[PDB]
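Okay, structure_26.txt is below, compact mmCIF, C-alpha atoms and all ligand atoms:
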```txt
# COMPACT_ATOMS: atom_id res chain seq x y z
CA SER A 342 -53.81 -11.49 -58.17
CA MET A 343 -56.18 -13.24 -60.56
CA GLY A 344 -59.36 -13.07 -58.48
CA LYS A 345 -61.63 -15.65 -56.87
CA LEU A 346 -63.48 -17.92 -59.29
CA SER A 347 -67.25 -17.56 -59.25
CA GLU A 348 -69.23 -20.37 -57.61
CA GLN A 349 -70.06 -21.91 -60.99
CA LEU A 350 -66.42 -21.67 -62.09
CA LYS A 351 -65.31 -23.34 -58.81
CA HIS A 352 -67.57 -26.23 -59.77
CA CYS A 353 -65.99 -26.25 -63.23
CA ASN A 354 -62.52 -26.21 -61.66
CA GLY A 355 -63.51 -29.21 -59.54
CA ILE A 356 -64.72 -31.10 -62.62
CA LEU A 357 -61.44 -30.29 -64.36
CA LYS A 358 -59.41 -31.59 -61.42
CA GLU A 359 -61.47 -34.78 -61.47
CA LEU A 360 -60.94 -35.25 -65.22
CA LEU A 361 -57.18 -34.98 -64.61
CA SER A 362 -57.18 -37.29 -61.56
CA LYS A 363 -55.76 -40.77 -61.25
CA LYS A 364 -59.15 -42.44 -60.97
CA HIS A 365 -60.02 -41.65 -64.63
CA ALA A 366 -56.54 -42.13 -66.10
CA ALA A 367 -57.38 -45.37 -67.94
CA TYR A 368 -59.52 -43.40 -70.42
CA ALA A 369 -58.50 -39.77 -69.81
CA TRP A 370 -54.86 -40.06 -70.86
CA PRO A 371 -55.36 -39.25 -74.61
CA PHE A 372 -56.80 -35.88 -73.51
CA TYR A 373 -54.16 -34.71 -71.03
CA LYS A 374 -51.91 -32.82 -73.48
CA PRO A 375 -52.20 -31.38 -77.01
CA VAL A 376 -52.23 -34.04 -79.70
CA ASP A 377 -48.70 -34.10 -81.08
CA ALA A 378 -49.72 -34.79 -84.66
CA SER A 379 -46.11 -34.91 -85.90
CA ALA A 380 -45.02 -37.43 -83.26
CA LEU A 381 -47.96 -39.71 -84.04
CA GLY A 382 -47.64 -39.45 -87.83
CA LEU A 383 -51.08 -37.81 -88.12
CA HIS A 384 -50.16 -35.58 -91.03
CA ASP A 385 -53.82 -34.69 -91.72
CA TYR A 386 -54.77 -33.86 -88.11
CA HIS A 387 -54.41 -30.08 -88.42
CA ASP A 388 -56.21 -30.03 -91.78
CA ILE A 389 -59.23 -31.76 -90.19
CA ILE A 390 -59.10 -30.23 -86.67
CA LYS A 391 -59.10 -26.42 -86.95
CA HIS A 392 -59.36 -25.74 -83.18
CA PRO A 393 -57.33 -28.23 -81.13
CA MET A 394 -58.17 -28.47 -77.44
CA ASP A 395 -56.99 -30.62 -74.52
CA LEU A 396 -57.23 -30.69 -70.73
CA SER A 397 -53.86 -28.99 -70.10
CA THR A 398 -55.00 -26.06 -72.25
CA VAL A 399 -58.32 -25.89 -70.39
CA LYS A 400 -56.36 -25.86 -67.12
CA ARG A 401 -54.10 -23.03 -68.29
CA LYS A 402 -57.14 -21.03 -69.39
CA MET A 403 -58.85 -21.57 -66.02
CA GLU A 404 -55.71 -20.50 -64.11
CA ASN A 405 -55.36 -17.42 -66.34
CA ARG A 406 -59.07 -16.52 -65.87
CA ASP A 407 -59.67 -16.77 -69.57
CA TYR A 408 -63.11 -18.34 -68.99
CA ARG A 409 -65.71 -15.69 -68.28
CA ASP A 410 -68.33 -18.24 -67.24
CA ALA A 411 -69.12 -21.94 -66.96
CA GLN A 412 -70.58 -22.02 -70.50
CA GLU A 413 -67.24 -20.95 -71.99
CA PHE A 414 -65.43 -23.69 -70.06
CA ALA A 415 -67.99 -26.33 -71.12
CA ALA A 416 -67.70 -25.32 -74.77
CA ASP A 417 -63.94 -25.94 -74.67
CA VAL A 418 -64.26 -29.34 -72.96
CA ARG A 419 -66.91 -30.35 -75.51
CA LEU A 420 -64.72 -29.03 -78.37
CA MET A 421 -61.95 -31.40 -77.21
CA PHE A 422 -64.33 -34.38 -77.35
CA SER A 423 -65.84 -33.29 -80.67
CA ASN A 424 -62.35 -33.12 -82.20
CA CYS A 425 -61.85 -36.75 -81.21
CA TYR A 426 -65.23 -37.76 -82.73
CA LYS A 427 -64.39 -35.75 -85.88
CA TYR A 428 -60.89 -37.11 -86.53
CA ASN A 429 -61.28 -40.79 -85.63
CA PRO A 430 -63.56 -43.56 -86.92
CA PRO A 431 -66.49 -44.24 -84.58
CA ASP A 432 -65.21 -47.71 -83.60
CA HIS A 433 -61.73 -46.49 -82.56
CA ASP A 434 -60.59 -47.20 -79.00
CA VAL A 435 -59.91 -43.48 -78.48
CA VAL A 436 -63.57 -42.69 -79.26
CA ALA A 437 -64.68 -45.19 -76.60
CA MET A 438 -62.31 -43.44 -74.18
CA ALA A 439 -63.68 -40.01 -75.15
CA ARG A 440 -67.27 -41.20 -74.59
CA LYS A 441 -66.39 -42.46 -71.12
CA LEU A 442 -64.61 -39.29 -70.06
CA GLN A 443 -67.36 -37.16 -71.59
CA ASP A 444 -69.94 -39.02 -69.50
CA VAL A 445 -67.94 -38.14 -66.38
CA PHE A 446 -67.89 -34.53 -67.56
CA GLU A 447 -71.54 -34.17 -68.61
CA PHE A 448 -73.00 -35.89 -65.54
CA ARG A 449 -71.04 -33.70 -63.14
CA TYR A 450 -71.52 -30.51 -65.19
CA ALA A 451 -75.27 -31.20 -64.89
CA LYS A 452 -74.86 -30.87 -61.09
CA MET A 453 -73.57 -27.30 -61.30
CA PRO A 454 -75.26 -24.99 -58.74
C1 LIG A 501 -57.50 -37.41 -78.44
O1 LIG A 501 -56.46 -38.07 -79.19
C2 LIG A 501 -56.72 -38.31 -80.48
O2 LIG A 501 -57.76 -38.02 -81.04
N1 LIG A 501 -55.65 -38.84 -81.10
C3 LIG A 501 -55.68 -39.02 -82.55
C4 LIG A 501 -55.51 -40.46 -83.02
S1 LIG A 501 -55.99 -41.75 -81.84
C5 LIG A 501 -54.62 -41.77 -80.63
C6 LIG A 501 -54.70 -43.08 -79.90
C7 LIG A 501 -54.29 -44.32 -80.34
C8 LIG A 501 -54.70 -45.35 -79.45
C9 LIG A 501 -55.39 -44.88 -78.38
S2 LIG A 501 -55.39 -43.18 -78.33
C10 LIG A 501 -54.50 -40.57 -79.68
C11 LIG A 501 -54.42 -39.22 -80.39
```

Please express what this file holds, its structure, as structure tokens.
Amino acid sequence: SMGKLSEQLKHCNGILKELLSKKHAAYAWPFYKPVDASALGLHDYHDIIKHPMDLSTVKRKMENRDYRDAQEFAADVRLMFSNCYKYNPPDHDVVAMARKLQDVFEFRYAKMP
């Protein structure tokens, strides 16, 4: 009863499915679920990152029709990557992973009809 996604949002939904797919798992896995700061001992994470975001939250928002347009979806995906660049030193392995997954995202987002 949620309504058909617009053409641009269908493209966004396809990108999201790709980001979650097995073929990108080697670098996408840190982004699948909310950072569990407690479990990882990152007791400063929520002081530094005011707006956490991750792919499972983006998926829930897409399914719930929270995104009004492609720009709102893109801003959330980019917020997730920016959080990673903000919290971690630039030479961290997770930053390299973020950069790889963000390239997948940005190159396909640039193909939106
Ligand atoms: C998007 O995930 C993050 O930014 N995290 C914060 C610290 S790096 C940690 C990792 C350690 C080793 C590889 S991934 C994942 C959680």

Using all atoms listed in the file, which of the listed residues (A:406, A:433, A:392, A:440) sits closest to residue A:345?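 With all atoms listed in the file as the atom set, the closest residue is A:406.
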
Per-residue nearest contacts chain A to ligand LIG 501 (chain A), cut-off 7 Å, using all atoms listed in the file, as a Markdown table:
```
| residue | atom | partner | partner_atom | distance |
| --- | --- | --- | --- | --- |
| A:371 | CA | A:LIG501 | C1 | 4.8 |
| A:372 | CA | A:LIG501 | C1 | 5.2 |
| A:376 | CA | A:LIG501 | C11 | 5.7 |
| A:424 | CA | A:LIG501 | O2 | 6.8 |
| A:425 | CA | A:LIG501 | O2 | 4.3 |
| A:428 | CA | A:LIG501 | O2 | 6.4 |
| A:429 | CA | A:LIG501 | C4 | 6.3 |
| A:434 | CA | A:LIG501 | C9 | 5.7 |
| A:435 | CA | A:LIG501 | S2 | 4.5 |
```

Shell around residue A:360 at 10 Å using all atoms listed in the file, local window under 3 positions removed, as a ChimeraX atom specification: /A:354-357,363-366,368-370,372-373,396,442-443,445-446

Restricting the calculation to all atoms listed in the file: of A:403, A:394, A:381, A:453, which residue gets closest to residue A:419?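 Closest to residue A:419 of all the choices is A:394.
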
Considering only C-alpha atoms, state which residue in the set A:417, A:441, A:408, A:393 is at the smallest distance from residue A:347. A:408

Can you measure atom CA of residue A:387 to atom CA of residue A:407 for me? One decimal in Å is fine. 23.7 Å

Let me have the centre and edge lengths of the axis-aligned box enclosing all listed atoms of stretch 355-372 of chain A with 4 Å padding on every side, in Å to one decimal, as JSON.
```
{"center_x": -59.8, "center_y": -37.3, "center_z": -67.1, "size_x": 17.9, "size_y": 24.2, "size_z": 23.1}
```

Between atom CA of residue A:450 and atom CA of residue A:426, distance in Å (one decimal):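 Atom-to-atom, atom CA of residue A:450 and atom CA of residue A:426 are spaced 20.0 Å apart.
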
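Compared by their closest atoms to residue A:386, and using all atoms listed in the file, the residues A:451, A:416, A:427, A:400 rank with A:427 nearest.
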
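We find atom CA of residue A:444 and atom CA of residue A:367 to be spaced 14.2 Å apart.
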
So, with only C-alpha atoms as the atoms that count, which of A:415, A:350, A:421, A:439 lies closest to residue A:397? A:421

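Minimum atom-to-atom distance to residue A:390, evaluated using all atoms listed in the file, belongs to A:423 out of A:405, A:412, A:423, A:362.
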